[PDB]
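> Below: one structure in structure tokens.
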Amino acid sequence: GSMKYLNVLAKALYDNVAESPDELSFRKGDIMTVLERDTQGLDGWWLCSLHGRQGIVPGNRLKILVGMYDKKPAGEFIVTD
């Protein structure tokens with residue numbers, strides 16, 4: 001239905017440390033779900049979710065992996081045109 005998320009994940013190829021709580025701290029080998037891309041108007045920065053938080057992550061350090069095919073059916077949203 002309407003208002004569905006991407007529900008694709010990506011594996012970190014490189015590690016980082018986050019200086020802000022709005023930024024995600026991840027390490028190489030870890031996997032996070034990508035919710036949307038270019039989330040701050042910055043090309044290549046994706047809004048990912050990991051460890052109970054969501055935050056900005058440089059997608060240039062991630063590799064997209066389809067880890068889930070089954071997912072919520074969603075669709076619970078108002079009508080839109």
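By convention here, the chains of the structure tokens are called A, B, ... in the order presented, each chain's residues are numbered starting at 1, and ligands are numbered starting at 1 in the order presented.
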Excluding same-chain residues fewer than 6 positions from residue 52 in chain A, what lies within 12 Å of it counting only C-alpha atoms, as an NGL selection string?

:A and (21 or 24-25 or 32-33)

> Residues within 7 Å of residue 56 in chain A, please, as a PyMOL selection string. Count only C-alpha atoms; anything in the same chain fewer than 4 positions from it doesn't count.

chain A and resi 22-24+45-48

> Please list as an mmCIF file with N, CA, C and O atoms, in the first residue's frame every residue within 9 Å of residue 5 in chain A, counting only C-alpha atoms and excluding residues in the same chain fewer than 3 positions away.


```cif
data_model
loop_
_atom_site.group_PDB
_atom_site.id
_atom_site.type_symbol
_atom_site.label_atom_id
_atom_site.label_comp_id
_atom_site.auth_asym_id
_atom_site.auth_seq_id
_atom_site.Cartn_x
_atom_site.Cartn_y
_atom_site.Cartn_z
ATOM 1 N N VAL A 8 15.706 -1.952 3.056
ATOM 2 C CA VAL A 8 16.917 -2.575 2.548
ATOM 3 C C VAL A 8 17.966 -2.269 3.602
ATOM 4 O O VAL A 8 17.817 -1.314 4.359
ATOM 5 N N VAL A 34 18.662 0.801 6.020
ATOM 6 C CA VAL A 34 18.589 2.120 5.389
ATOM 7 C C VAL A 34 17.115 2.486 5.257
ATOM 8 O O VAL A 34 16.316 1.725 4.696
ATOM 9 N N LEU A 35 16.747 3.635 5.807
ATOM 10 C CA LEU A 35 15.356 4.089 5.804
ATOM 11 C C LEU A 35 15.082 4.989 4.611
ATOM 12 O O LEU A 35 14.062 4.843 3.941
ATOM 13 N N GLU A 36 16.016 5.893 4.340
ATOM 14 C CA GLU A 36 15.928 6.827 3.216
ATOM 15 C C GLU A 36 17.354 7.261 2.871
ATOM 16 O O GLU A 36 18.298 6.916 3.598
ATOM 17 N N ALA A 74 2.486 -3.044 5.783
ATOM 18 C CA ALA A 74 2.298 -1.585 5.842
ATOM 19 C C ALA A 74 0.970 -1.193 5.158
ATOM 20 O O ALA A 74 0.045 -1.996 5.113
#
```

> Neighbouring residues of residue 66 in chain A were defined as those with any atom within 9 Å, considering only C-alpha atoms; residues of the same chain fewer than 3 positions away were excluded. Please report them as a list in words.

residues 7, 8, 9, 10 and 69 of chain A

> For the residues in the current selection, export C-alpha atoms as an mmCIF file, in the first residue's frame.


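Resulting contents of result_20.cif:
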```
data_model
loop_
_atom_site.group_PDB
_atom_site.id
_atom_site.type_symbol
_atom_site.label_atom_id
_atom_site.label_comp_id
_atom_site.auth_asym_id
_atom_site.auth_seq_id
_atom_site.Cartn_x
_atom_site.Cartn_y
_atom_site.Cartn_z
ATOM 1 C CA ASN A 7 13.483 -1.895 4.063
ATOM 2 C CA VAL A 8 16.917 -2.575 2.548
ATOM 3 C CA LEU A 9 20.018 -2.890 4.713
ATOM 4 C CA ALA A 10 23.658 -2.264 4.196
ATOM 5 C CA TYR A 69 12.277 -10.072 1.903
#
```

> To one decimal place, how far is CA of residue 15 in chain A from CA of residue 65 in chain A in Å?

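Pair CA of residue 15 in chain A / CA of residue 65 in chain A returns 17.3 Å.
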
> Would you list, as an MDAnalysis selection string, the residues of chain A that end up in strand (DSSP E) under DSSP run on this structure's backbone?

chainID A and resid 8:12 31:37 45:50 53:58 62:65

> Could you write out the selected residues, including N, CA and C atoms, as a compact mmCIF listing (two decimals), in the first residue's frame?


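Listing of out32.txt after writing:
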```txt
# COMPACT_ATOMS: atom_id res chain seq x y z
N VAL A 8 15.71 -1.95 3.06
CA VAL A 8 16.92 -2.57 2.55
C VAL A 8 17.97 -2.27 3.60
N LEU A 9 19.00 -3.09 3.69
CA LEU A 9 20.02 -2.89 4.71
C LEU A 9 21.31 -2.69 4.00
N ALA A 10 22.34 -2.34 4.75
CA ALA A 10 23.66 -2.26 4.20
C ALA A 10 24.70 -2.65 5.24
N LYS A 11 25.76 -3.30 4.78
CA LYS A 11 26.85 -3.73 5.66
C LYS A 11 27.95 -2.69 5.62
N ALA A 12 28.48 -2.34 6.78
CA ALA A 12 29.56 -1.37 6.88
C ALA A 12 30.86 -2.00 6.38
N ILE A 31 25.77 -4.36 10.28
CA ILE A 31 24.72 -4.19 9.27
C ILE A 31 23.61 -3.33 9.85
N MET A 32 23.17 -2.33 9.08
CA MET A 32 22.13 -1.40 9.51
C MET A 32 21.07 -1.24 8.44
N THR A 33 19.85 -0.95 8.83
CA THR A 33 18.74 -0.78 7.88
C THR A 33 18.73 0.65 7.34
N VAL A 34 18.66 0.80 6.02
CA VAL A 34 18.59 2.12 5.39
C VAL A 34 17.12 2.49 5.26
N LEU A 35 16.75 3.63 5.81
CA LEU A 35 15.36 4.09 5.80
C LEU A 35 15.08 4.99 4.61
N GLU A 36 16.02 5.89 4.34
CA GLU A 36 15.93 6.83 3.22
C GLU A 36 17.35 7.26 2.87
N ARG A 37 17.52 7.98 1.77
CA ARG A 37 18.85 8.40 1.31
C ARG A 37 18.86 9.90 1.08
N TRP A 45 24.64 10.52 1.90
CA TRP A 45 24.41 10.29 3.34
C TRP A 45 23.04 9.68 3.52
N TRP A 46 22.97 8.51 4.12
CA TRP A 46 21.71 7.79 4.24
C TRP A 46 21.27 7.77 5.69
N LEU A 47 19.97 7.80 5.91
CA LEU A 47 19.44 7.69 7.26
C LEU A 47 19.35 6.21 7.53
N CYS A 48 20.18 5.72 8.43
CA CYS A 48 20.18 4.32 8.77
C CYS A 48 19.68 4.16 10.19
N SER A 49 19.32 2.94 10.56
CA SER A 49 18.91 2.64 11.93
C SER A 49 19.72 1.46 12.44
N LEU A 50 20.28 1.63 13.63
CA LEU A 50 21.17 0.65 14.25
C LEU A 50 21.20 0.90 15.76
N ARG A 53 18.85 3.39 17.60
CA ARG A 53 18.85 4.78 17.15
C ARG A 53 18.75 4.80 15.64
N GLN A 54 18.44 5.95 15.10
CA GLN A 54 18.56 6.19 13.68
C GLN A 54 19.40 7.46 13.59
N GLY A 55 20.19 7.57 12.54
CA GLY A 55 21.09 8.71 12.40
C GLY A 55 21.74 8.69 11.04
N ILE A 56 22.46 9.74 10.72
CA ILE A 56 23.09 9.86 9.41
C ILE A 56 24.33 8.95 9.32
N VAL A 57 24.52 8.35 8.15
CA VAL A 57 25.64 7.44 7.90
C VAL A 57 26.16 7.68 6.47
N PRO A 58 27.49 7.79 6.29
CA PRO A 58 27.97 7.92 4.91
C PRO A 58 27.82 6.61 4.12
N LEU A 62 29.25 1.93 2.89
CA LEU A 62 28.32 0.83 3.09
C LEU A 62 28.10 0.04 1.79
N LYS A 63 27.71 -1.23 1.93
CA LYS A 63 27.33 -2.07 0.79
C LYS A 63 25.90 -2.56 0.99
N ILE A 64 25.00 -2.19 0.08
CA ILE A 64 23.59 -2.61 0.15
C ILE A 64 23.48 -4.14 0.10
N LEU A 65 22.69 -4.70 1.02
CA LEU A 65 22.40 -6.12 1.06
C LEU A 65 20.91 -6.29 1.35
```

> One number please: CA of residue 27 in chain A to CA of residue 41 in chain A, in Å, one decimal.

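The value is 23.9 Å.
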
> A:2, A:44, A:61, A:38: which is nearest residue 14 in chain A, counting only C-alpha atoms?

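Of the candidates, the smallest distance to residue 14 in chain A is held by A:61.
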
> Could you check how far CA of residue 19 in chain A sits from CA of residue 59 in chain A, in Å to one decimal?

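So the two atoms, CA of residue 19 in chain A and CA of residue 59 in chain A, lie 17.2 Å apart.
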